[PDB]
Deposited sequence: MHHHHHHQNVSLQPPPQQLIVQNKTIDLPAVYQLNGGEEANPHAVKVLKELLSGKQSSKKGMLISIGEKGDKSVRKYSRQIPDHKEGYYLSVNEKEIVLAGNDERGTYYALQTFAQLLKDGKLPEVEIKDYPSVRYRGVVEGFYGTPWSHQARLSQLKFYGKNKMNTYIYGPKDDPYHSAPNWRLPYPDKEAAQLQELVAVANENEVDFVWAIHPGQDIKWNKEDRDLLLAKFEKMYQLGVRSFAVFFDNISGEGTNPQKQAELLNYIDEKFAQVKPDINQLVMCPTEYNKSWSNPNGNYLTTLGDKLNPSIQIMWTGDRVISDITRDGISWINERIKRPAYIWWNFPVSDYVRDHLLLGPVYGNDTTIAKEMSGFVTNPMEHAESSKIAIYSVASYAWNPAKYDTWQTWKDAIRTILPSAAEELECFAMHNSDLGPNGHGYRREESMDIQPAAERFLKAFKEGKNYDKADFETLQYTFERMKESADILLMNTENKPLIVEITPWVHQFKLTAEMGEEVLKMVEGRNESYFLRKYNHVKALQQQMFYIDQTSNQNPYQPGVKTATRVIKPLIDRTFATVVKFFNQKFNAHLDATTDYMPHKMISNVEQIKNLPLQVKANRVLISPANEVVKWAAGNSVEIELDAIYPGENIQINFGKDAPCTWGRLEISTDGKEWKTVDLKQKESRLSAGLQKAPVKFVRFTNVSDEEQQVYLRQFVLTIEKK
């Protein structure tokens, strides 16, 4: 099982023992980073290098003729880790490290190349920006998962947006960005520095030269990939040709002069189909090498063939997709740990790049980031649920099943203004529906469904109490602790309701008081944890579990009220 799935893979159904002694060749001309990654994993011959080096002269024919492609041959004879370019060798080494298990290697032959040219993440979400260490871990994760594009565009940074983009970075923040670029180059990831100079910027001669000066400064810091954002810029510079001429100018002056500029991206004022003459002029009057960002048919929507062919006509170039998942700046009381799906699996040629907008929690976003890194590399072989489970195991192997059980019930976004929903709590939904139908009409409940609900609530309690004390991935646990508390409380309330449907009178009253106390606990967590201006509080399992619990509670409470002339408060 390899991730992301390679294009062509041949397995010989036989294993090869570890070479205790080896004679590696080509280390002086291959990628030094891949050389270090290889030596950290360490007679038998091992050849490694980019196409054209003497070490891989024998295997230049088998190299895929695509950027970031590689050829990896492990057999009884020797080992070949050849790459189409310097980044392809690093990706080959990542796949090779995936192949190694307990010092044994399968006899395989792999030819690989990315399906989408640019793949990665953009840190454009509203809310608390990531820490420096979190960004370093994210860069290393991207490098391990064959992602190449990280767009540094945090909304709460004054030096890349209005009005301080003209200012140089302070020496300390400049050193921080320098170490970011250093780690990115160490793991072969394009640090795309974003800038958004809008705010009603009527064009002139000063501001453009200040843009060029800031670009030269960031180049002095080591940045080699840049992007200009007009994302709903309220500027009167929503004029199409003004933006087109500005981007053409910065390409004509800064890109052609500088030797190793990699990416040049721009985001139009209209980045979705619902917010629309503008994109046509943009695509006609822009340089061919510059990319144009896009988010889909809506502000937060999936990518369909009719949703991409409709735009690729206007911009006259392959789109640079910007998916808004699992970003939760519009519903941050919920967790979005559901699987990545909905995008068509056969539109790789219709887009230049695919970048995801993640949550304010990085380790929690790693699930969808892993899924996108697999899908953006090979949409034809993108297994949705298997990749989701593989991401869960990769992030927390010690508690893979527990994190799986938790994420299964934290997927839906709940009601919101964008109308974006996610499927959640599916495997138990038929049991919940059958049980609520059996008790809503006063009939007899199915026993198998009762045992299933017991098992689910017990497993929720177990998974919550296991996740609370995990230390293998501490940042993740620190991110999801309040939601795990609410999850455990929901499991306990459901367990007590399941004991309430099997009644004497005093036992029922005790369980009723217990359920009320648990609702108070939930309100306390809602009013204390995750306090933000827009969507404060903590919510979990709101798709199936919470409605089922509330409805069963109300049903049994009304039955008791009409059976004993009581007037219990069934409000939740």
| item | value |
| --- | --- |
| Ranges missing from the model, given as deposited sequence positions | 1-10, 53-60, 295-298, 526, 596-723 |
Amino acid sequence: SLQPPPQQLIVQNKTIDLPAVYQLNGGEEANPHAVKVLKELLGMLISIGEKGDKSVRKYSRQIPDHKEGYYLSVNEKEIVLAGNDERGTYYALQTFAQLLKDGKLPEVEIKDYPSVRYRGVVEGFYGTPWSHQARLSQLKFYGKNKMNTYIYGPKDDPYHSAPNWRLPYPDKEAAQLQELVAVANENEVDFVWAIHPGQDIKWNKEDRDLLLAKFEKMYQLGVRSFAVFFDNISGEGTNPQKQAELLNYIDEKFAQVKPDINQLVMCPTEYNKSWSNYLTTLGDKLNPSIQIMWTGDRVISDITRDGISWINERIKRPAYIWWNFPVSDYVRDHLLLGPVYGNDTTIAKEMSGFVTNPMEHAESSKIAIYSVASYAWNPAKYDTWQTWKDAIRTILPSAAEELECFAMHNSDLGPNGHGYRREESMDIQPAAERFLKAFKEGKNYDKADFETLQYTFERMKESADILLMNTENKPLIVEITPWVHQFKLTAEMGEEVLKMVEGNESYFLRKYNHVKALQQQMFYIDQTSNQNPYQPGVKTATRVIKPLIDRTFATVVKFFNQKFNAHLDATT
From here on, numbers count along this sequence of modelled residues.
property	result
Mean Cα B-factor comparison, 489-497 or 437-445, giving the higher one as deposited	437-445
Of 342-350 and 222-230, the one with larger mean CA B-factor	342-350
Selection from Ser365, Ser371, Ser276, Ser137 [criterion: highest C-alpha temperature factor in the record]	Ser276
Residue, from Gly153, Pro482, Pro240, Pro170, that the PDB entry assigns the highest Cα B-factor	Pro240
Chain-relative CA temperature factor third for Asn312	highest
Ranked against its chain, the third holding the CA B-factor of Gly414	highest
B-factor third for the C-alpha atom of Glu451 within its chain	middle
Chain-wide C-alpha B factor ranking for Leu41, given as lowest, middle or highest third	highest
Position of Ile10 among the chain's modelled residues by C-alpha B-factor, lowest, middle or highest third	middle
